[PDB]
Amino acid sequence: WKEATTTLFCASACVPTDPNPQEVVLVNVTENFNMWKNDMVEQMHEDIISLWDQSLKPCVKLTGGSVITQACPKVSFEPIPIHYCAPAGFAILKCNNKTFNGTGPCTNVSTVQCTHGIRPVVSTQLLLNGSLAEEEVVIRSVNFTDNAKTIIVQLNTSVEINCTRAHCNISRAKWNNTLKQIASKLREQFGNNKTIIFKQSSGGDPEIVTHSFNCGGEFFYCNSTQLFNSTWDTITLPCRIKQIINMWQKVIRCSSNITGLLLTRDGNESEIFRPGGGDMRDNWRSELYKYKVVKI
């Protein structure tokens, strides 16, 4: 029984699974987890990059000494839940503390052969269609004292985001309550009398200062400024559909559940928080935090 890195297999190409799984709590066992050095995140990042490359493969043609853009059937449905599964000689430990911060000892640890159905959703700033936290909202970071270290936020009440083509719609009441919850959670870690400020991303490139995602085969970039303009009838976010063009090859509506956020802290008596992150390893890490791989 020791920590190890190995290639998990996948299940729903991937192998069948779950006509009847089995979770099993290991009694009297406490296990140390570290969501920030979990090689499952690296494996899933690589798998998602390969998934996108393979989805782009049928849009090229190898005619002569080059690859040319070609047919491309647009509606390429990507997100179906996948499960990562330990191979022979290994086992996946799963934390069950509903408020686990990701870095520390879990007192209620079960053992599994496969993870839950994880939806590979590529999105920025907002985490959509993910898992929810029981009871309380959770905030997780390697080092809260260290700004520019991404802050992963898991809610307990999801927020419906209904987008059409081109804008998105969020209820002001639900989002107001969500922001209040996040503000109190941040006050817990940064100071009680400290005031929380939500402001727009502090970058410049319009590709990262927006909430971007895939809405029915087309990629949307939405100005999310109306969500981060607060200090502690219906919000319509303006959006633009951008076409992905691969540089080196020669020549509508959807509803989602907002289940998480990615924030970055500034760096007085207050604290400014801005939507950040961008790296998708934090997107996958927001779901693989309560797992680890061990060798028996």
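Each residue number is its position in the shown sequence, starting from 1.
Where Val251 is followed by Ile252 in the displayed chain, the model omits 10 or more of the deposited residues that sit between the two. Per the record, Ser12 and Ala13 are separated by 10 or more deposited residues that have no coordinates. Stretch comparison (152-160 versus 172-180) by mean CA B-factor in the PDB entry places 172-180 on top. Look at the mean CA B-factor for 57-65 and for 38-46 in the entry; the higher one is 57-65. Ranking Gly191, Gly89, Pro105, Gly130 by Cα temperature factor from the entry places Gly191 first. The entry lists a Cα temperature factor for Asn101 that places it in the middle third of the chain's modelled residues.
In this PDB entry, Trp232 carries a Cα temperature factor that places it within the highest third of its chain's modelled residues. For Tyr84, the recorded CA B-factor ranks within the lowest third of the chain. Only modelled residues enter the ranking.
Among the modelled residues of the chain, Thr30 sits in the middle third by CA temperature factor in this PDB entry. Compared with the other modelled residues of the chain, the Cα B-factor recorded for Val142 ranks in the middle third.
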